[PDB]
Amino acid sequence: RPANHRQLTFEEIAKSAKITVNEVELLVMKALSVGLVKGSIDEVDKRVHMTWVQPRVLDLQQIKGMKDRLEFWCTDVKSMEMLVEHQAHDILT
Amino acid sequence: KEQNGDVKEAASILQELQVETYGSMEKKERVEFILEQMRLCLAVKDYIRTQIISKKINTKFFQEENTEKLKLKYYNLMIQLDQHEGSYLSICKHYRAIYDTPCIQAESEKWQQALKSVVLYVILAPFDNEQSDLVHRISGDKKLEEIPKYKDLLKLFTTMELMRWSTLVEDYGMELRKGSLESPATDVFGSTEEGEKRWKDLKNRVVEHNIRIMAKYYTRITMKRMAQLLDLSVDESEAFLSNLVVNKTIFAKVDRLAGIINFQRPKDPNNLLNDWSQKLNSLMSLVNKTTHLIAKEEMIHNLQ
Amino acid sequence: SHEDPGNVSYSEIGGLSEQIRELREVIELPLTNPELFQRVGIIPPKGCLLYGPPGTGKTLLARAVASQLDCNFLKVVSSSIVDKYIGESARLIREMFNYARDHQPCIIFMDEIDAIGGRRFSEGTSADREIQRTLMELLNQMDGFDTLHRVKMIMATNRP
Amino acid sequence: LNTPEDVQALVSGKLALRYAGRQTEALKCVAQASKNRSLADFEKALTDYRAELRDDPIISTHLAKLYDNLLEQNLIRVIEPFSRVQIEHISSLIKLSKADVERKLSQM
Amino acid sequence: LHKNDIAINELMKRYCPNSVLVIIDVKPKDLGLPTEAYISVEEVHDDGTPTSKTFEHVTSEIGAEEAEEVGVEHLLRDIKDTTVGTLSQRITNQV
Amino acid sequence: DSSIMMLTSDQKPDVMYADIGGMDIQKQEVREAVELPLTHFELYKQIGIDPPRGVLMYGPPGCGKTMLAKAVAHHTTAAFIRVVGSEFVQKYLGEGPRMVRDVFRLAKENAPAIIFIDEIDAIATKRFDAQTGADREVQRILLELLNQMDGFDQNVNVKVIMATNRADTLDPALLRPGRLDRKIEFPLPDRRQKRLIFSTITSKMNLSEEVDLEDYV
């Protein structure tokens, strides 16, 4: 899922997990005890919270995530580093 | 031997202990006689009379090395002394001194009940470091893991398997039925005495273990859903969590007006390690990504 | 310190009536259990003085139970405290105790409490308070102010 | 002095039993109420014997055993809140005396 | 790197088991870091060949020693230690 | 350095101010002499008193002299230094001057240092060596002690105290008001401090329930 939704619902868990609405707490606490993810779940509304995870490749040879995040970030911090230079133009003097 | 003794016969022998220690040279006759007043003062029902005379017992050291297993066989009598009046860390050295007579006896009955009496007391021991390595020292027996209750017992030992308590009550209430071996099940479970407090100690352990692992695994949680997921009731969690706050070693937080309760850090007083974690930890791994992705660039540019 | 020999029996000469039992109480029993005295709260028996004849109650018949017990049996003939730089007396009192309390129930033994080569004069010219201040700093690091962990004093002399 | 054992043992003394009476009944009931720290027993047998309670003008020692016990009672009842707390969390966790035994905690 | 690297690796391992070679540059106008360090282990592959002695990389770094810059830093004279706040960190920023 | 240095680091003498048995004479005056002027110095200012130099305690050996001194050391505030009078005298007939050098420069090197001198013997050392039988030796170290008694600063905050029952190798010029002014002699027993101390020693021994101690008062 294309993040920025990490604290979320439970019906997609009870739908894709082929589990019920009730048995998601066993699910999340046992999955934390396994050791593939380490985020302490917001349990009051069955709201997920996640950490480090193991990947299975992105867009078909990692086109889209790589471009629109990696190179977007490249030109982000690169060009705003040029802006750091632009305001720090002669503070080296 | 007259009337099989009483307290007044024991009152004779207790003043007839402190004189008969240091006259001659002796090692063994006082031990194989010293059993007699301790099985007296256990039947004098006091148990602090037993601990006074235990303060008389313990002052004689170098009690190993008695030849031809002569006081290694007395270790059944010394544990017969220290059975009741020993607390749940006394039972650790107690139930590892139980092993010394079946150590060389090989004994597929009394060493088999040495197996069960050495397996059925780790949960009885409180949450401590000695639990944390005694679970690795019960790791090392050969025919104890033939007992599936050892598998259940090691299964209780790492997040305890988020379960229903009564299923484990099935699996460990079969043990009073199990075999000719019944005395470890008597000492732990088949007692209408301290063993019933060991039942309630297992109750203590299961709700306390829900605290132990779930106090890591808490961000926000309702009150009554907790109370029914503690293998127990809702309003009974008043007392059943007042004990876990006179436990006083977990800083916690509850709300009764809305039920949203929470065990967590003391409410973000220091915001730094968010910045430190992300920037230093992950982004210094990212400035290492330069240092080792040029290395992996060299890896792929072996064949490029 | 450790030139200290031992006797080949508890009965090296004889006469062990009060010797075995009372020396046993003054050394070995509260080192086995301090909590009995902690029903009261006091350090272990502060040590007898083997006086009497010079040689049946002076140096002989002093190491009877010492042969049996074998814990921290050093010798102090008490000439080694009357020093050259005369304030090394108290420093070697520190060197006595702070080297002793290792074998944890310590045996502070002192044959011939005031020993130097010769005889002794009276309360006039210099047969004087060397002994008194030296002995009070002895008693200072023995008990009273400073001690630790079931150390047993034993004094044994009739010469001073 | 906060040694109630010796209060018991010395009302059990022989000359206390030579000159026994009602003021020693006040002392014994307040003694056991301090021995077990039961604040209800304390206030109860305090009010029961008011005519003998005047003869100590220092009722401040009494209400300071009340107060100076109530300090650590509200200490063990200010840490007990964060486990499973009840009706108001600030009014009637205090042993449910009637409903308004406070203006003491709030006064502190 | 090239193919003879593994041959001089074969001979450098018999002198020292955990040997390490150094790729250098004769003109570092770099970011920069100085010269390289490897580690030669055998991981062979997922392939099943006879032993693959592929060069694994040790993270290289630089230490220091007393009295070894005495004339050189004297000759450069452009040494500027305490100026962090204008330049010494913006270089790292750019970098 | 002072006997190790400046209340030798860890050593509380572990004699409680409460362990003292009702010494409402001793505790009050010693409190005023040493324990008070470190705290309420402005009352000495405001009345202009010039606080006393040093209490001279004496009496029977075992009515709480060394007990009281070590108990003030237990409950000290300033830089106490425990000093025995002749545990470190080194045949310098006039090492008491080097003692007072340590006193001076270590009391202003530290905070004002409160220095009690126990077992007063620091005049008579063991290598008395002069013409008559230490007449002029004991007398010269006494008058020397006086010379470094009269001129501290009246403002060098060192509390000096002596406790033996022997003012005979001590000069009766030490009993001139201005140097060792406070006269206190301790009671041998008395009544009701048998009650107090019979109570206090029973703080640890466990009192077999009716074996009472008023009979022994």
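Parameters at a glance
Numbers given for residues start from 1 on each chain and follow the written sequence, which can depart from the numbering in the entry; residues without coordinates are excluded. All chains are assigned letters beginning at A, and all ligands numbers beginning at 1, according to the order in which they are written. A larger assembly contains the chains shown, yet all values here describe just the shown part. To get the side-chain values, all heavy atoms of the structure are used, and hydrogens and water are removed first. We count a stretch as a helix when DSSP gives it H or I for four or more residues in a row; a strand needs E for two or more, and each element gets its number in order from the N terminus. Each radius of gyration reported is based on C-alpha atoms, and the globular scaling rule is 2.2 Å times the count of residues to the power 0.38. The contact criterion used throughout is that any non-hydrogen atoms of two residues lie within 4.5 Å. Each accessible area value is a Shrake-Rupley result obtained with a 1.4 Å probe; residue values ignore everything except the protein chains displayed when judging cover. In this charge count, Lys and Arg are treated as positive and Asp and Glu as negative; neither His nor the chain ends contribute. Charge placement uses NZ in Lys and CZ in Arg. For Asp and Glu, CG and CD serve respectively. The term buried area refers to how much accessible surface (probe radius 1.4 Å) is lost by two components on association, counted for both of them together. A side-chain nitrogen of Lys or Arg and a carboxyl oxygen of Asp or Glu constitute a salt bridge if their distance falls within 4 Å. The method works on a 1 Å grid over the protein atoms by themselves. A cavity is a set of points holding a 1.4 Å probe that cannot get out, a pocket is an open set with protein on both sides within 12 Å along at least five of seven lines, and residues with an atom within 4 Å of a point line them. Grid points are joined across faces, edges and corners, and a volume is the space filled by probe spheres set on the points. As a working rule, the residues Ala, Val, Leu, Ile, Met, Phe, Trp, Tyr, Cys and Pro are called nonpolar, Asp, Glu, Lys and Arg charged, and the rest polar, with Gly in that last group. Definition of nonpolar core: a set of buried residues of the types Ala, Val, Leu, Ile, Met, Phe, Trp, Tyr and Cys, connected through side-chain atoms within 4.5 Å. The classification of residues rests on relative accessible area computed with a 1.4 Å probe and restricted to protein chains. Under 20% of the type maximum is buried, over 50% is exposed, and intermediate values are partly exposed. Patch building starts from residues that exceed 30% relative accessible area and form no salt bridge, then joins like charges within 9 Å and nonpolar side chains (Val, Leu, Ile, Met, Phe, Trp, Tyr) within 5 Å. Pairs of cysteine sulfur atoms within 2.5 Å are what we label disulfides. For helices, the axis comes from a line fit to the C-alpha atoms of the stretch in contact; other axes are also lines fit to C-alpha atoms, and the angle between any two N-to-C directions lies between 0 and 180 degrees. Each angle gets one of four labels, with under 35 degrees taken as roughly parallel, over 145 as roughly antiparallel, 65 to 115 as roughly perpendicular, and the rest as oblique. Left-handed is the label given to a crossing in which the near helix is rotated counterclockwise from the far helix by less than a right angle, and right-handed is the label when the rotation is clockwise. UniProt positions are given in the numbering used here, feature names are shortened, and annotations may be inferred rather than shown by experiment. Under the rule applied, a polar contact is a pair of N or O atoms within 3.5 Å (in protein, one hydrogen donor and one hydrogen acceptor; residues adjacent in sequence only if both atoms are side-chain atoms). Aromatic pairing here means that ring centres of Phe, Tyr or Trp (its six-membered ring) are within 6.5 Å. Orientation follows from the plane angle: under 30 degrees is stacked, over 60 is edge-to-face, and everything else is tilted. Strands pair, by our definition, only if DSSP identifies at least two bridges between them.

## Observations regarding the overall build of chain C
Of the regular secondary structure elements, chain C holds 4 helices and 2 strands. Whereas a compact globule of 160 residues would reach a radius of gyration of roughly 15 Å, chain C reaches 16 Å, a difference of no more than 12%. Across its three principal directions, the C-alpha atoms of chain C cover 45 × 35 × 30 Å. At a minimum sequence separation of 6, the contacts of chain C that also span at least 24 residues come to 79%. In the form shown here, chain C has an accessible surface area of approximately 9,200 Å², with 55% of it arising from carbon and sulfur atoms. In chain C, the 18 positive side-chain charges and the 22 negative ones have mean positions that sit 2 Å from each other.

## Remarks on the overall build of chain D
Helix and strand counts for chain D stand at 5 helices and 0 strands. Tracing chain D from N to C terminus, the helices and strands come up as α-α-α-α-α. By the compact-globule yardstick of 13 Å for 108 residues, chain D is too spread out, its C-alpha radius of gyration being 17 Å. Each principal axis of the C-alpha atoms in chain D carries an extent, and together these give about 55 × 25 × 20 Å. Long-range pairs, those at least 24 residues apart, make up 44% of the contacts in chain D with a sequence separation of at least 6. In the structure as shown, chain D presents an accessible area of about 7,800 Å², 57% of it carried by carbon and sulfur atoms. Of note, chain D has its 16 positive side-chain charges centred 3 Å away from the centre of its 15 negative side-chain charges.

## Some words on the interface of chain F and chain C
Listed by partner, the interface residues are 20 residues for chain F and 18 residues for chain C. The junction of chain F with chain C conceals about 1,600 Å² of combined surface from both sides, 53% of it contributed by carbon and sulfur atoms. On inspection of chain F and its partner chain C, the count reaches 2 salt bridges. A salt bridge links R133(C) to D121(F); the shortest N-O distance between them is 2.4 Å.

## Describing empty space enclosed by the protein
Here the idea is plain: a probe the size of a water molecule rolls over the atoms and shows the empty space left. All names here are of chain B. All told, the structure shown has 11 cavities of 30 Å³ or more when counted by the stated rule. Empty space within the largest cavity amounts to approximately 140 Å³. Sorting elements by how many residues they give to the lining of the largest cavity places helix α11 (residues 194-214) first, with 4 residues. Residues belonging to the lining of the largest cavity are distributed by class as follows: 9 nonpolar, no polar and 4 charged.

## Structural notes on the interface of chain B and chain A
Each side of the interface is counted separately: chain B has 14 residues, and chain A has 12 residues. For the pair chain B and chain A, the two sides together bury roughly 1,200 Å², of which 59% comes from carbon and sulfur. Inspection of the chain B/chain A interface yields 2 salt bridges. Here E25(A) ties to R225(B) by a salt bridge, and the two come within 3.0 Å at their closest N and O atoms.

## With respect to the nonpolar core
Residues and elements named next belong to chain B. In this structure, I91, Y121 and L153 are the most contacted members of the largest nonpolar core, which totals 34 residues. Secondary-structure elements contributing two or more residues to this core are α5 (90-97), α6 (110-119), α7 (129-137), α8 (148-155), α9 (165-173) and α11. Here this core takes 5 residues from α6, the largest share from any one element.

## Re a negative patch on the surface
On the surface, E5(D), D6(D), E209(F), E210(F), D212(F) and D215(F) cluster together to form a negatively charged patch. Mapped onto the elements of the fold, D212(F) is located in the segment after α6 (193-200). Relative accessible area serves as the criterion here: at 43%, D212(F) is assigned to the partly exposed category.

## Section: the pattern of salt bridges
Residues and elements named next belong to chain F. The final tally for this structure, using the stated rule, is 30 salt bridges over all chains. Of the charged contacts, one joins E29 and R182 as a salt bridge, the two residues approaching to 3.4 Å between their closest N and O atoms. With a gap of 153 residues between them, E29 in helix α1 (residues 26-35) and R182 in strand β5 (residues 182-185) connect regions that are remote in the sequence. For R182, a relative accessible area of 34% puts it in the partly exposed group. In this structure, the salt-bridge partner of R166 is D168, at a minimum N-O distance of 3.1 Å. Overall, the relative accessible area of 61% leaves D168 in the exposed class.

## A word on a nonpolar patch on the surface
Residue and element names in this part refer to chain B. On the surface, a nonpolar cluster with roughly 580 Å² of combined accessible area is contributed by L272, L273, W276, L280, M284 and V287. Structurally, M284 is set in helix α14 (residues 272-300). Of the residues examined, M284 reaches a relative accessible area of 44% and is grouped as partly exposed.

## Quick look at helix α3 (residues 65-74) of chain F
All names here are of chain F. Here α3 lies mainly inside the structure; 7 of its 10 residues are buried. Those residues of α3 that fall on the buried side of the exposure criterion are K65, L68, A69, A71, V72, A73 and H74. Those residues of α3 that are buried lie in contact with α1, β1 (55-58), β2 (79-84), β3 (113-118) and β4 (160-163).

## Regarding the arrangement of the chains
You won't find any contact between chain A and chain C; their C-alpha atoms come no closer than 48 Å. Taking C-alpha atoms as the reference, chain C and chain D come no closer than 19 Å and do not contact one another.

## Looking at the environment of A37(E)
Residues and elements named next belong to chain E. Checked against the element boundaries, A37 lands in strand β1 (residues 37-40). Taking relative accessible area as the criterion, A37 reaches 11% and is therefore assigned buried. Once residues within four sequence positions are removed from consideration, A37 is found in contact with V20, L21, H57, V58 and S60.

## Things to note about the state of the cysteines
Using the criterion set out here, one finds 0 disulfides over all chains in the structure. With no disulfide of its own, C92(B) lies 19 Å from the sulfur of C103(B), the closest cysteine sulfur.

## A closer look at the packing of helix α1 (residues 7-15) of chain B against helix α2 (residues 31-41) of chain B
What describes two packed helices is the angle between their axes and the distance between those same axes. Residues and elements named next belong to chain B. Their axes nearest at 10 Å, the elements α1 and α2 cross at an angle of 135 degrees. As summarised for this structure, α1 and α2 are arranged oblique, according to the angle between their axes. Viewed along their axes, α1 and α2 form a crossing whose handedness is left-handed. Facing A10, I13 and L14 of α1, the residues of α2 in contact are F33, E36, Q37, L40 and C41.

## Regarding unusual backbone geometry
Following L31(E), the chain continues to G32(E) via a peptide bond in cis, the omega torsion being 10 degrees. Along the polypeptide, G32(E) turns up in the loop between α1 (5-15) and β1. Of note, the phi angle at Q62(A) is positive, near 50 degrees, even though the residue is not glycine. In this fold, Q62(A) is placed in helix α3 (residues 59-62). Residue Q62(A) is classed as partly exposed on the basis of its relative accessible area of 30%. For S3(F), which is not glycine, the phi torsion reads 70 degrees and is therefore positive. Inspection of the secondary structure assignment puts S3(F) in the segment before α1. For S3(F), a relative accessible area of 23% gives the class partly exposed.

## Concerning the UniProt feature "binding site: ATP" in chain C
All names here are of chain C. Here, UniProt's "binding site: ATP" annotation points to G52, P53, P54, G55, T56, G57, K58 and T59. For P54, the location among the structural elements is in the loop between α1 (17-32) and α2 (64-69). In this fold, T59 is placed in the loop between α1 and α2. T59 gets classed as partly exposed once you look at its relative accessible area, which sits at 38%. Within the structure, the side chain of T59 is placed 2.8 Å from the side chain of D111, a separation counted as a polar contact.

## Considerations on the packing of aromatic side chains
Residue and element names in this part refer to chain B. Tallied over the entire structure, the rule returns 6 aromatic pairs over all chains. Ring geometry for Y95 and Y121: centres 5.1 Å apart, planes at 70 degrees, overall edge-to-face. Within this pair, whereas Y95 is found in helix α5, its partner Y121 is found in the loop between α6 and α7, the two being separated by 26 residues in sequence. The exposure class of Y95 is buried, given its relative accessible area of 5%. Owing to a relative accessible area of 1%, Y121 belongs among the buried residues under this scheme. Arranged with centres 3.5 Å apart and planes meeting at 10 degrees, the rings of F189 and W199 form a pair that is stacked.

## Describing the sheet that holds β2(F)
The strands making up a sheet associate through hydrogen bonds between their backbones, and the pairing can be parallel or antiparallel. Residue and element names in this part refer to chain F. Sheet architecture is open: 5 strands sit in the order β2-β3-β4-β1-β5, paired in parallel fashion. Each edge of the sheet is formed by a strand with only one pairing partner; in this case those strands are β2 and β5. The average undirected angle you get between the axes of adjacent strands in this sheet is 15 degrees. Judged from the 6 bridges that link them, β2 and β3 form a sheet pairing that is parallel.

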